[PDB]
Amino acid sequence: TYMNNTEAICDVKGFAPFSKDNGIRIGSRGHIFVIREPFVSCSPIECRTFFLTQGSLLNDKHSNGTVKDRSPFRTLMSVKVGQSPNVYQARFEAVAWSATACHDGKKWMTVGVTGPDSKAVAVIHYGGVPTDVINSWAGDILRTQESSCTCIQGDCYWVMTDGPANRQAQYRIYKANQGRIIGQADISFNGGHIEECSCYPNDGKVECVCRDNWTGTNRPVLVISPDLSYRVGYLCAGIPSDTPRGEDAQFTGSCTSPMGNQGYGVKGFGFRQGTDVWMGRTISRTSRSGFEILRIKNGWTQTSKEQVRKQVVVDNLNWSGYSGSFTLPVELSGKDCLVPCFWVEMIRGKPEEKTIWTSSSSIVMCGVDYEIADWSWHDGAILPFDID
């Protein structure tokens, strides 16, 4: 039976911890995949952590990282949420240097992307077997969310980006039933830039938070109805949610256009509470260190700067990174709504630390109806390892 996901996002006052896998700490002696870009999606029975590999291990010479990023040794694997990405608990998903994965009630539909950048290919597995494919339409680095995709009523929706990373690129919306592509749509958002979207189900539509690697220190926002009609723009909030960014006060904000004349970005998430927003960001405005999350009143609909709450999960004394969204099925939480949960990546090693490798651990948090305290649940490992 198809997992409904038609209900609304739960109004939450805070986030209680879900998991922590300590893989880089475990991987000092264990057999752990050097991973990058973990993310969580849930089936109506369990939540798993996806990630990308080089087919290497921590403390190995194959973790030397000189081995490139967009590589053929790159695969998508999954483990259960909280388990580390180890060799002996991993489930193979796809050959992938960029991915998204999602469940619809029956089977897992994964979409890993590979090939050369000129003509990259994205394969849609479903039930484990590849079912369909999407080819590079623009010929510049075909890619997708790196976070959970979204199925509503058995139809799974997601967002891909073909084009350049700095200048204007092209952005699309795909739609599948049982791993077979049933629809697609182009995103006529000009001047704007959409990357690495964090998305979720909300009142029968798909809301996705994204990253502007062109000109925006604020974050793009897409709204997707199941007929692929769309409204797009930016998170109206007067708080810069991207990184690098500037001061909150030297920032006005816009619901339509990119603000803050900085380049670059980072993957980030947001959650729409009626008219308010749960926005997440790093503490450092220039680095990826720390992580915090703020509820900004009327920040979804207005260029607001009203911080209702400010909860800290990763301290600015510690390294973080990417972040993304997902929901808890009704068939799991017991609610009448969809519990907003999220993950934060914590990057260790290169380029910041004196090592030869680059991996990440995660912490997952999810939406509660109470106020959670500020603490730091950070990575832990004591670098450099023996290999370095």
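For clarity, a rigid core is taken as the largest C-alpha set superposing within 1.5 Å between two forms. We number the residues from 1 along the sequence you see.
Overlaying the structures in 5 other deposited structures of this protein on the rigid core, point out which of 68 to 76 and 245 to 253 has the bigger RMS C-alpha shift.
Farther on average in 5 other deposited structures of this protein: 68 to 76.
If you average the CA temperature factors as listed in the entry, which stretch comes out higher, 67 to 75 or 270 to 278?
Taking the mean C-alpha B-factor of 270 to 278 and of 67 to 75, the larger value falls to 67 to 75.
For the C-alpha atoms alone, is the average B factor greater in 177 to 185 or in 144 to 152, going by the entry?
Averaging CA B-factors over each stretch, the winner is 177 to 185.
Could you check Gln83, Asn318, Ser198, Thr100 and tell me which one carries the biggest Cα B-factor in the deposited entry?
So the option with the highest C-alpha B-factor is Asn318.
If I read the C-alpha B-factors straight from the PDB entry, which of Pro38, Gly55, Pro340, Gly324 is highest?
Each of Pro38, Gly55, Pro340, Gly324 was compared by C-alpha B-factor; the highest is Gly55.
Sort the modelled residues of this chain by their C-alpha B factor and say whether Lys310 lands in the lowest, middle or highest third.
It falls in the bottom third of the chain.
Would you check the entry's CA temperature factor for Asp242 and let me know if it's in the chain's lowest, middle or highest third?
Tercile = middle for this residue's CA B-factor.
Among all modelled residues of this chain, ranked by Cα B factor, put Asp60 in the bottom, middle or top third, i.e. lowest, middle or highest.
Highest third of the chain for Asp60's C-alpha B-factor.
Can you tell me whether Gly14 has a C-alpha B-factor in the lowest, middle or highest third compared with the other modelled residues of the same chain?
CA B-factor rank for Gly14: lowest third.
Compared with the other modelled residues in the chain, in which third is the CA B-factor of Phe92?
Its C-alpha B-factor, which the entry lists for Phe92, ranks in the middle third among residues of this chain.
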